[PDB]
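The data block below is entry04.cif; it holds mmCIF, C-alpha atoms and all ligand atoms.
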```cif
data_coords
#
loop_
_atom_site.label_atom_id
_atom_site.label_comp_id
_atom_site.auth_asym_id
_atom_site.auth_seq_id
_atom_site.Cartn_x
_atom_site.Cartn_y
_atom_site.Cartn_z
CA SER A 26 -40.59 9.98 -2.54
CA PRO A 27 -41.45 7.09 -4.92
CA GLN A 28 -40.86 3.37 -4.18
CA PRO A 29 -37.25 2.34 -3.55
CA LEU A 30 -36.73 0.56 -6.87
CA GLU A 31 -38.22 3.50 -8.85
CA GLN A 32 -35.97 5.88 -6.96
CA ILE A 33 -32.87 3.75 -7.67
CA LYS A 34 -33.70 3.81 -11.37
CA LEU A 35 -34.23 7.56 -11.28
CA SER A 36 -30.81 7.94 -9.66
CA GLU A 37 -29.16 6.06 -12.60
CA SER A 38 -31.01 8.25 -15.10
CA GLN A 39 -29.99 11.45 -13.29
CA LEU A 40 -26.36 10.44 -12.64
CA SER A 41 -25.69 8.55 -15.88
CA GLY A 42 -24.02 5.97 -13.64
CA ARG A 43 -24.57 2.47 -12.33
CA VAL A 44 -26.14 2.03 -8.90
CA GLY A 45 -25.89 -1.24 -6.97
CA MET A 46 -28.09 -1.79 -3.97
CA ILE A 47 -29.23 -4.35 -1.44
CA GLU A 48 -31.63 -4.00 1.46
CA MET A 49 -31.49 -7.02 3.77
CA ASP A 50 -32.98 -7.95 7.17
CA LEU A 51 -30.00 -8.02 9.58
CA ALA A 52 -31.37 -10.79 11.81
CA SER A 53 -32.45 -13.21 9.05
CA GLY A 54 -30.75 -12.28 5.80
CA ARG A 55 -34.10 -11.78 3.98
CA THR A 56 -33.35 -9.75 0.84
CA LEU A 57 -35.96 -7.00 0.32
CA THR A 58 -34.57 -4.86 -2.51
CA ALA A 59 -31.96 -5.90 -4.95
CA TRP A 60 -30.68 -3.92 -7.88
CA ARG A 61 -27.53 -4.87 -9.80
CA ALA A 62 -26.79 -6.86 -6.68
CA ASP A 63 -24.41 -9.29 -8.43
CA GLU A 64 -22.55 -6.57 -10.35
CA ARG A 65 -19.09 -5.42 -9.27
CA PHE A 66 -18.40 -2.06 -7.64
CA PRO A 67 -15.24 -0.60 -6.07
CA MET A 68 -15.47 -0.96 -2.28
CA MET A 69 -13.42 2.13 -1.60
CA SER A 70 -13.15 2.88 2.13
CA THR A 71 -16.07 0.55 2.90
CA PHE A 72 -13.39 -2.18 2.96
CA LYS A 73 -12.30 -0.85 6.38
CA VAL A 74 -15.23 -2.60 8.07
CA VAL A 75 -14.27 -6.01 6.66
CA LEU A 76 -10.63 -5.29 7.53
CA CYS A 77 -11.52 -4.84 11.19
CA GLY A 78 -13.64 -7.99 11.08
CA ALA A 79 -10.41 -9.81 10.11
CA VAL A 80 -8.56 -8.09 12.98
CA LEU A 81 -11.26 -9.12 15.44
CA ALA A 82 -11.08 -12.71 14.21
CA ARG A 83 -7.38 -12.69 15.10
CA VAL A 84 -8.21 -11.26 18.53
CA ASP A 85 -10.77 -14.02 19.11
CA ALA A 86 -8.15 -16.62 18.11
CA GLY A 87 -5.61 -15.22 20.61
CA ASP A 88 -3.35 -14.00 17.79
CA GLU A 89 -3.96 -10.29 18.35
CA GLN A 90 -5.02 -7.93 21.16
CA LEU A 91 -6.97 -4.72 20.72
CA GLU A 92 -4.74 -3.31 23.45
CA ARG A 93 -1.50 -4.00 21.58
CA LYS A 94 0.34 -0.75 20.86
CA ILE A 95 1.80 -0.29 17.39
CA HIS A 96 4.65 2.33 17.17
CA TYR A 97 4.93 3.50 13.50
CA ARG A 98 6.97 6.15 11.72
CA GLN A 99 6.24 9.20 9.63
CA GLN A 100 7.48 7.44 6.47
CA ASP A 101 4.65 4.91 7.05
CA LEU A 102 1.95 7.53 6.64
CA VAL A 103 -0.19 7.83 3.51
CA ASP A 104 -2.69 10.44 2.37
CA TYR A 105 -5.35 11.33 4.96
CA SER A 106 -4.26 10.31 8.41
CA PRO A 107 -6.16 12.62 10.74
CA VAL A 108 -5.72 10.45 13.82
CA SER A 109 -2.57 8.51 13.07
CA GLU A 110 -0.50 11.58 12.18
CA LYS A 111 -0.99 12.73 15.82
CA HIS A 112 0.65 9.61 17.36
CA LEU A 113 4.09 9.34 15.84
CA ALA A 114 5.67 9.63 19.29
CA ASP A 115 3.32 7.41 21.31
CA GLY A 116 1.77 4.94 18.84
CA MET A 117 -1.81 3.68 18.71
CA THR A 118 -3.41 0.47 19.90
CA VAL A 119 -4.84 -2.01 17.42
CA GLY A 120 -8.32 -1.08 18.67
CA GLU A 121 -7.57 2.64 18.29
CA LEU A 122 -6.38 1.93 14.75
CA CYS A 123 -9.65 0.20 13.91
CA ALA A 124 -11.60 3.08 15.43
CA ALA A 125 -9.57 5.56 13.37
CA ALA A 126 -9.98 3.51 10.18
CA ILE A 127 -13.73 3.01 10.54
CA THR A 128 -14.83 6.22 12.28
CA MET A 129 -12.43 8.68 10.62
CA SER A 130 -11.47 6.78 7.39
CA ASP A 131 -7.83 7.11 8.48
CA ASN A 132 -5.79 5.56 5.68
CA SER A 133 -2.50 4.99 7.51
CA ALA A 134 -4.44 3.28 10.29
CA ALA A 135 -6.05 1.06 7.67
CA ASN A 136 -2.70 0.17 6.08
CA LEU A 137 -1.09 -0.64 9.42
CA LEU A 138 -3.99 -3.00 10.20
CA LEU A 139 -3.96 -4.46 6.65
CA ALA A 140 -0.38 -5.58 6.97
CA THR A 141 -1.29 -7.37 10.27
CA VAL A 142 -3.81 -9.56 8.47
CA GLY A 143 -1.40 -10.40 5.61
CA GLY A 144 -2.06 -7.47 3.28
CA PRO A 145 -4.65 -7.41 0.52
CA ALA A 146 -4.07 -11.13 -0.15
CA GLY A 147 -4.55 -11.97 3.54
CA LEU A 148 -7.79 -9.99 3.77
CA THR A 149 -9.03 -11.72 0.61
CA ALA A 150 -8.18 -15.10 2.17
CA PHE A 151 -10.18 -14.11 5.24
CA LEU A 152 -13.15 -13.29 3.01
CA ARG A 153 -12.88 -16.74 1.41
CA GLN A 154 -12.73 -18.28 4.92
CA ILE A 155 -16.09 -16.75 5.80
CA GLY A 156 -17.65 -17.91 2.51
CA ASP A 157 -17.42 -14.68 0.49
CA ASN A 158 -16.05 -15.91 -2.85
CA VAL A 159 -16.51 -12.57 -4.63
CA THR A 160 -15.16 -9.62 -2.65
CA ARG A 161 -11.42 -9.02 -3.22
CA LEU A 162 -8.85 -6.57 -1.98
CA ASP A 163 -5.79 -6.11 -4.18
CA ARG A 164 -4.24 -2.75 -3.23
CA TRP A 165 -3.53 -0.60 -0.18
CA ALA A 166 -5.71 2.12 1.27
CA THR A 167 -4.76 5.07 -0.90
CA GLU A 168 -4.59 3.21 -4.31
CA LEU A 169 -7.69 1.04 -4.07
CA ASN A 170 -10.11 3.92 -4.90
CA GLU A 171 -8.94 4.31 -8.52
CA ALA A 172 -12.14 2.73 -9.94
CA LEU A 173 -10.74 2.12 -13.42
CA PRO A 174 -13.34 0.97 -15.97
CA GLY A 175 -13.29 -2.83 -16.33
CA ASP A 176 -10.92 -3.34 -13.39
CA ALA A 177 -11.95 -6.10 -11.00
CA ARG A 178 -9.39 -5.12 -8.34
CA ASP A 179 -10.69 -3.97 -4.95
CA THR A 180 -14.33 -4.76 -5.77
CA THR A 181 -17.35 -6.31 -4.13
CA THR A 182 -20.97 -6.81 -5.14
CA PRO A 183 -23.92 -5.42 -3.15
CA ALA A 184 -25.12 -8.98 -2.39
CA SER A 185 -21.68 -10.19 -1.27
CA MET A 186 -20.94 -7.18 0.89
CA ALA A 187 -24.34 -7.36 2.59
CA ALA A 188 -23.95 -11.10 3.28
CA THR A 189 -20.41 -10.54 4.57
CA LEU A 190 -21.46 -7.73 6.87
CA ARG A 191 -24.27 -9.85 8.24
CA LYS A 192 -21.82 -12.71 8.81
CA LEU A 193 -19.42 -10.47 10.72
CA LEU A 194 -22.09 -8.80 12.84
CA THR A 195 -24.41 -11.69 13.66
CA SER A 196 -23.27 -15.19 12.63
CA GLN A 197 -21.16 -16.01 15.70
CA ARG A 198 -18.04 -16.36 13.53
CA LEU A 199 -16.80 -13.52 15.73
CA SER A 200 -17.20 -13.69 19.50
CA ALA A 201 -20.05 -11.83 21.16
CA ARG A 202 -17.69 -9.08 22.34
CA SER A 203 -16.13 -8.76 18.88
CA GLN A 204 -19.55 -8.55 17.16
CA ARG A 205 -20.48 -5.80 19.61
CA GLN A 206 -17.21 -3.96 18.97
CA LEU A 207 -17.58 -4.01 15.18
CA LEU A 208 -21.14 -2.67 15.46
CA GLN A 209 -20.06 0.11 17.85
CA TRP A 210 -17.28 1.24 15.47
CA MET A 211 -19.92 1.67 12.75
CA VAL A 212 -22.27 3.49 15.17
CA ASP A 213 -19.38 5.84 15.93
CA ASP A 214 -18.65 6.93 12.31
CA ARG A 215 -17.75 10.63 12.43
CA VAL A 216 -17.48 11.17 8.68
CA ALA A 217 -21.17 10.64 7.78
CA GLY A 218 -22.99 9.41 10.89
CA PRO A 219 -23.79 12.83 12.45
CA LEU A 220 -24.74 14.30 9.05
CA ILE A 221 -27.10 11.36 8.35
CA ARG A 222 -28.69 11.73 11.79
CA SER A 223 -29.24 15.42 11.05
CA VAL A 224 -31.53 14.50 8.13
CA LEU A 225 -33.13 11.28 9.49
CA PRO A 226 -36.56 11.53 11.07
CA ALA A 227 -36.68 10.96 14.81
CA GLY A 228 -36.66 7.26 15.69
CA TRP A 229 -34.34 5.99 12.94
CA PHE A 230 -31.13 4.16 13.88
CA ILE A 231 -28.00 4.63 11.76
CA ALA A 232 -24.57 3.01 11.76
CA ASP A 233 -22.37 3.25 8.66
CA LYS A 234 -19.16 3.37 6.75
CA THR A 235 -18.86 5.42 3.54
CA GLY A 236 -16.36 5.47 0.70
CA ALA A 237 -15.49 7.61 -2.31
CA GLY A 238 -13.31 7.12 -5.39
CA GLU A 240 -12.60 8.20 -8.93
CA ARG A 241 -15.03 8.39 -11.86
CA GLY A 242 -17.85 9.19 -9.47
CA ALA A 243 -17.43 6.09 -7.31
CA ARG A 244 -19.27 6.47 -4.00
CA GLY A 245 -20.69 4.03 -1.48
CA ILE A 246 -22.15 3.32 1.88
CA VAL A 247 -22.62 0.21 3.99
CA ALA A 248 -25.15 0.87 6.70
CA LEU A 249 -27.51 -0.41 9.36
CA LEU A 250 -30.87 1.37 9.37
CA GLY A 251 -34.28 1.00 10.94
CA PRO A 252 -37.18 2.58 12.78
CA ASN A 254 -37.90 2.28 16.42
CA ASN A 255 -34.10 2.89 17.12
CA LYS A 256 -33.22 -0.60 15.89
CA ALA A 257 -30.60 -1.80 13.41
CA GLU A 258 -33.30 -3.64 11.46
CA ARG A 259 -31.72 -3.78 8.00
CA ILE A 260 -28.42 -3.74 6.24
CA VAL A 261 -28.43 -1.28 3.33
CA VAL A 262 -25.56 -1.32 0.87
CA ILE A 263 -25.43 1.23 -1.94
CA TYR A 264 -22.61 1.67 -4.42
CA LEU A 265 -22.36 4.13 -7.33
CA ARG A 266 -19.83 4.00 -10.18
CA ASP A 267 -19.11 5.65 -13.52
CA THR A 268 -20.91 8.95 -13.14
CA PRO A 269 -19.42 12.40 -13.82
CA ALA A 270 -21.60 14.01 -11.15
CA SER A 271 -20.49 16.24 -8.34
CA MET A 272 -19.92 14.72 -4.91
CA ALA A 273 -22.90 16.78 -3.65
CA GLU A 274 -25.21 15.20 -6.25
CA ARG A 275 -23.95 11.69 -5.60
CA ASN A 276 -24.63 12.21 -1.87
CA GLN A 277 -28.07 13.59 -2.64
CA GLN A 278 -28.99 10.65 -4.83
CA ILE A 279 -27.96 8.18 -2.13
CA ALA A 280 -29.95 10.18 0.39
CA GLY A 281 -32.93 10.08 -1.96
CA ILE A 282 -32.78 6.29 -2.07
CA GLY A 283 -32.74 6.43 1.74
CA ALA A 284 -35.79 8.70 1.74
CA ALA A 285 -37.66 6.19 -0.44
CA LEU A 286 -36.84 3.37 1.97
CA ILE A 287 -37.91 5.49 4.99
CA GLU A 288 -41.20 6.51 3.45
CA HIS A 289 -41.97 2.96 2.30
CA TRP A 290 -40.42 0.70 4.91
CA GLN A 291 -42.96 -2.08 5.44
CA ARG A 292 -42.36 -4.51 2.54
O1 LIG A 301 -43.18 9.76 6.67
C1 LIG A 301 -41.82 9.46 6.96
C2 LIG A 301 -41.04 10.75 7.23
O2 LIG A 301 -40.97 11.50 5.99
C3 LIG A 301 -40.21 12.72 6.10
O3 LIG A 301 -38.83 12.41 6.38
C4 LIG A 301 -37.80 12.76 5.42
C5 LIG A 301 -36.67 13.62 6.02
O4 LIG A 301 -37.11 14.93 6.36
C6 LIG A 301 -35.50 13.81 5.04
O5 LIG A 301 -34.38 14.54 5.57
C7 LIG A 301 -35.08 12.43 4.58
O6 LIG A 301 -34.04 12.51 3.63
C8 LIG A 301 -33.31 11.27 3.50
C9 LIG A 301 -31.94 11.32 4.18
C10 LIG A 301 -31.29 9.94 4.19
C11 LIG A 301 -29.85 9.93 4.71
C12 LIG A 301 -28.99 8.78 4.19
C13 LIG A 301 -29.67 7.40 4.17
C14 LIG A 301 -28.71 6.22 4.03
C15 LIG A 301 -29.04 5.17 5.12
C16 LIG A 301 -28.79 3.72 4.73
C17 LIG A 301 -27.70 3.58 3.69
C18 LIG A 301 -28.17 4.23 2.41
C19 LIG A 301 -28.53 5.71 2.57
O7 LIG A 301 -36.19 11.79 3.95
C20 LIG A 301 -37.22 11.46 4.87
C21 LIG A 301 -38.24 10.55 4.17
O8 LIG A 301 -38.85 11.23 3.07
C22 LIG A 301 -40.74 13.59 7.24
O9 LIG A 301 -39.86 14.69 7.37
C23 LIG A 301 -40.73 12.91 8.60
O10 LIG A 301 -41.07 13.86 9.71
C24 LIG A 301 -41.51 11.60 8.44
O11 LIG A 301 -41.25 10.89 9.62
#
```
This structure in structure tokens:
Amino acid sequence: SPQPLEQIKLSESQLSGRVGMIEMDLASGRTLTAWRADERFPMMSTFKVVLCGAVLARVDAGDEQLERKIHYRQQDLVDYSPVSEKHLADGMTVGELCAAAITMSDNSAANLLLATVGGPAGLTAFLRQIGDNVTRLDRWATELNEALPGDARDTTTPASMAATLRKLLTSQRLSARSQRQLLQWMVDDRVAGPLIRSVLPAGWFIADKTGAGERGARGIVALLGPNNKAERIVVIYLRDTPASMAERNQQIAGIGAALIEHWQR
């Protein structure tokens, strides 16, 4: 593979889309690669990580419990509810809802949690509280992936999302237990985690959340590093490409290959 920045450029040429990317040291915040890092991209389902950061903040404050059982109804369900559709009779805990949202991309779970933090406006207020003045959520889980040209709703930037993830995971805004929980949810992603491990060389750590939307939108927030360590945050978003899902996945993977082959920078 070529150098990361050359590979990112090649991905734009091949996809005819915009790529946004940051590579950042998790422990320090050192930015290593940046590309379109202040441009806006739809978050898609990557928002579910920040959502559960907001939930954990409420837990830390004594305003929520991960144990608390929420008993919802079939009319509450939205498209793609692989876990939540199974628990109409018995409900799910707040922690189970976060696990379903992050590890399975369960949309009803996400919406149930989103209302607990005050909806899109409440999650946006939480982002402002932690010093992210850019990321914004405007819609609910099944409408926020529309990725209309020119539409600022439901967007982040690579730089903002990376900084926000670092804040949630490491800055002691969340309690130690909550930081550990958020990280474990990402480690446990079932949608892409096992597939990524299947193509990573031995020794490379992965934790992640992916997203997909219209007009080719695709993204991943991840922790990656050699020696089985979460050394770096990597955030990659794609927008405005007509390419197949397979090709969008392959281009993201190719950026990953470039980082892996050329890690010491
Ligand atoms: O010299 C480094 C390595 O180079 C190759 O590894 C290949 C690997 O066989 C392939 O499957 C992967 O594809 C990349 C798959 C990446 C998956 C997604 C990455 C994510 C992670 C972070 C968020 C953005 C994207 O490339 C690497 C690097 O060339 C060799 O196979 C391996 O034995 C050697 O250790």
Inset, instruction - Excluding residue A:128 and any residue of its chain fewer than 3 positions from it, enumerate the residues within 9 Å of it, using all atoms listed in the file, and give them as a VMD selection string. - result: chain A and resid 123 to 125 131 210 to 218 233 to 234
Inset, instruction - Find the residues near ligand LIG 301 (chain A). Use a cut-off of 10 Å, count only C-alpha atoms and all ligand atoms, and write them as JSON, numbers by chain. - result: {"A": [26, 27, 46, 47, 48, 217, 218, 220, 221, 222, 223, 224, 225, 226, 227, 228, 229, 230, 231, 232, 233, 234, 235, 245, 246, 247, 248, 249, 250, 251, 252, 259, 260, 261, 262, 263, 264, 276, 277, 278, 279, 280, 281, 282, 283, 284, 285, 286, 287, 288, 289, 290]}
Any idea what's packed within 9 Å of stretch 170-177 of chain A, counting all atoms listed in the file, ignoring anything in its chain fewer than 4 positions away? Could you give it as a short mmCIF file (atom, residue, chain, number, x, y, z; two decimals) with C-alpha atoms, in the coordinates of the input?
```cif
data_model
loop_
_atom_site.label_atom_id
_atom_site.label_comp_id
_atom_site.auth_asym_id
_atom_site.auth_seq_id
_atom_site.Cartn_x
_atom_site.Cartn_y
_atom_site.Cartn_z
CA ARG A 65 -19.09 -5.42 -9.27
CA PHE A 66 -18.40 -2.06 -7.64
CA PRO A 67 -15.24 -0.60 -6.07
CA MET A 68 -15.47 -0.96 -2.28
CA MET A 69 -13.42 2.13 -1.60
CA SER A 70 -13.15 2.88 2.13
CA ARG A 161 -11.42 -9.02 -3.22
CA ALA A 166 -5.71 2.12 1.27
CA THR A 181 -17.35 -6.31 -4.13
CA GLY A 236 -16.36 5.47 0.70
CA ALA A 237 -15.49 7.61 -2.31
CA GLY A 238 -13.31 7.12 -5.39
CA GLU A 240 -12.60 8.20 -8.93
CA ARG A 241 -15.03 8.39 -11.86
CA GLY A 242 -17.85 9.19 -9.47
CA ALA A 243 -17.43 6.09 -7.31
CA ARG A 266 -19.83 4.00 -10.18
CA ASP A 267 -19.11 5.65 -13.52
#
```
Legend entry - Nearby residues (all atoms listed in the file) at most 9 Å from residue A:105, same-chain spacing under 5 positions excluded, as a PyMOL selection string: chain A and resi 110+130-133+167
Inset, instruction - Find, counting all atoms listed in the file, the residue in A:244, A:54, A:103, A:189 that gets nearest to residue A:153. - result: A:189
Legend entry - Atomic separation - atom CA of residue A:100 relative to atom CA of residue A:207, Å: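 Straight-line distance from atom CA of residue A:207 to atom CA of residue A:100 works out to 28.9 Å.
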Inset, instruction - Between atom CA of residue A:194 and atom CA of residue A:208, measure the distance and give it in Å to one decimal. - result: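 Taking atom CA of residue A:194 and atom CA of residue A:208, their separation equals 6.7 Å.
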Inset, instruction - Just give me the gap between atom CA of residue A:206 and atom CA of residue A:164 in Å, one decimal is fine. - result: 25.7 Å
Legend entry - Closest of A:187, A:119, A:265, A:57 to residue A:83 - atom-to-atom distances counting all atoms listed in the file: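 For residue A:83, the nearest of the given residues is A:119.
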Inset, instruction - Using all atoms listed in the file, determine which residues lie at most 7 Å from stretch 135-150 of chain A, disregarding the query and same-chain residues fewer than 6 positions distant; provide the list as an NGL selection string. - result: :A and (73 or 76 or 79-80 or 126 or 161-166)
Inset, instruction - Pick out the closest residue to residue A:191 from this set: A:42, A:78, A:31, A:274. Count all atoms listed in the file. - result: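 Nearest to residue A:191: A:78.
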